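In the form deposited in one PDB entry, a lone chain appears below as structure tokens.
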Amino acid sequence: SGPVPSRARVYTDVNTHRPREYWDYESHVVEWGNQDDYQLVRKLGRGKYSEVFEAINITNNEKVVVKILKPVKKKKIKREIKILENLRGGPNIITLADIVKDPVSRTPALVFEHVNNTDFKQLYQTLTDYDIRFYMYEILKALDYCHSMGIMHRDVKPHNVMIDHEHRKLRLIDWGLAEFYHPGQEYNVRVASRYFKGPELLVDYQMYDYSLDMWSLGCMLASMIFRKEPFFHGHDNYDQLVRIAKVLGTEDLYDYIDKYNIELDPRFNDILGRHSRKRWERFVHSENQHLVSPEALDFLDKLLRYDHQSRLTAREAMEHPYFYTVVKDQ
């Protein structure tokens, strides 16, 4: 008959109670800043959709990050801009400062607050048990904020978390794939990076919600505590589900597709097979011992569920025993 509907357990109708202007991004009017305000200093990186530069605001000699957009549908640019403006001032959310027309690409360039960051390459190297708890807690603040505001990030992974370790300061960035949550809406499943895609995305269940972000956060945590980056390292979208299935087992997977009456791709038949659910202990060795605790495993288990309804919400996560010691400190 087709798949069973679903709604977010939390923040279900927040957008419905807003004025349409809040989520009706297609009708947002960009008000352009002055592109001569900013002088480019050096290239920071290349994205799928942007070139990223360090720049100076000459009017006030402050350091900024400029994201020059590749050509993309104006719809998508209005979205990102709208989401960024709705979220401004929220905890650990990157601040958009200005928006300008690049004279050379004739495309938008978003201008962000500068964040002096340590590379997750050289960072997930040096992190103590406490650091991970602290930063995950900081990420959860950002995710509970943006979910409470009717927005799912849809691209949570280590690249999108900026940490200034010297200042113990964290920002969730790259809001380019983020969407407004509406009960009943069927989303594109071609979001997130492979290693971070929820099972919902992999079996093509379009009526997903904020809980997607919680899976992704599970993948990050797994890779930090067990020191295997990325944790679920599939070579393509089908191999990804099989890698998950090999840890979480096939019984719950098939239970999941059953509950939601999901029609599984015939390609998946010959490859999923039959796998038991593994105990987390099998990833604990002497190099990662000091980051793994019973608290940490209980928490990770509660994030990494096929059934998106059963995963913790950002808010429930934040009150898990794993964070008791960081909560007391603040």
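Numbers for residues come from their place in the sequence shown, where the first is 1. The term rigid core refers to the maximal set of C-alpha atoms that superpose within 1.5 Å between the two forms.
Greater C-alpha displacement in 8 other deposited structures of this protein (rigid core superposition, RMS over structures and residues), of 114-122 versus 161-169: 114-122. For the pair 85-93 and 123-131, greater average C-alpha departure from the shown form in 8 other deposited structures of this protein after core alignment is found in 123-131. Note on 105-113 vs 76-84: mean CA B-factor is higher in 105-113. Here the stretch with the larger average CA B-factor, out of 318-326 and 304-312, is 318-326. Taking only the listed residues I94, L127, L241, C219, the entry reports the highest CA temperature factor at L127.
Among the modelled residues of its chain, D204 has a C-alpha B-factor that falls in the middle third, as given in the PDB entry. Among the modelled residues of its chain, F268 has a C-alpha B-factor that falls in the highest third according to the deposited record. When the modelled residues of the chain are ordered by C-alpha B-factor, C146 sits in the lowest third. Per the PDB record, residue ranking by Cα B-factor puts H285 in the highest third of the chain. Per-chain ranking of the deposited C-alpha B factor places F180 in the lowest third.
Only in words, not in the display: the form solved in complex with a small molecule, which the text now covers.
Each of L44, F112 and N117 places at least one heavy atom within 4.5 Å of the small molecule in the deposited bound form.
Scanning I173, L253, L87, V203 against the small molecule in the deposited bound form with a 4.5 Å heavy atom cut-off leaves one residue, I173.
The contact residue chosen from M162, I257, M149, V247 relative to the small molecule in the deposited bound form is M162, the criterion being a non-hydrogen atom within 4.5 angstroms. In the deposited bound form, the small molecule sits within 4.5 Å of a heavy atom belonging to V65. Proximity of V292 to the small molecule in the deposited bound form falls outside the 4.5 Å heavy atom cutoff. Put simply, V52 is close to the small molecule in the deposited bound form: some heavy atom of it is within 4.5 Å. For the chain shown alone, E80 is a contact residue for the small molecule in the deposited bound form, at least one non-hydrogen atom being within 4.5 angstroms.
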